[PDB]
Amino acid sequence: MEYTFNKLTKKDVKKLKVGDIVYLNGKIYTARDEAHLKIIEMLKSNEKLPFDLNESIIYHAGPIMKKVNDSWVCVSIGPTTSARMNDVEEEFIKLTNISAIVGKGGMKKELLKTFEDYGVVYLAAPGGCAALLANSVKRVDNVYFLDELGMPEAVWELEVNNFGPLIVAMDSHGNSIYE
């Protein structure tokens, strides 16, 4: 079943089941392992993040960006292997209240309980076309932690247009296409 979403609400998330095809418009943030770890440590220390992850969408990706004028343009942004985040995704979800995760390869079955309890959906993005997916990036709003983490590990805030097809690979109802 196919959908296109602007703001992915919790109701939207509950409507989704594995096998569904999804296109995304609007705001997503990149977050790989090091950024997960940093964000977790900050929130554990009761620090504020310089961005709002509440009911947000994160993207397991290591983008390359370039400056055109005084503004960021996306060169490449494919999904990276989501299992790198298996040790931390549960805590990350509980501390941030994100609504969706976009990546590749899927994540451990043990997170199904968290996805179900918190209302999160895991979406598989196309692999092998990092440069092509950059075209779905309509605007690079912001980067955080660039100096500490470096470009692809930094948290990039993005506006994406018709980003997909993303396939619902793990839903909020106990299903995983990988099992």
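The first residue of the sequence shown is number 1, and the count goes up from there.
Could you check which stretch, 6-14 or 154-162, carries the larger mean CA temperature factor in the entry? Per the PDB entry, the higher value belongs to 6-14.
By the entry's C-alpha temperature factors, tell me which of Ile39, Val68, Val143, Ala61 sits highest. Among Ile39, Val68, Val143, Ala61, the PDB entry lists the largest C-alpha B-factor for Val68.
Lowest, middle or highest third: which one holds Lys104 when the chain's residues are ordered by CA B-factor from the entry? Lowest third, going by the recorded CA B-factors of the chain.
Would you please rank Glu55 by its C-alpha temperature factor against the other modelled residues of its chain and give the third it falls in: lowest, middle or highest? Highest third of the chain for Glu55's C-alpha B-factor.
If you rank the chain by CA B-factor, which third does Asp33 end up in: lowest, middle or highest? Lowest third.
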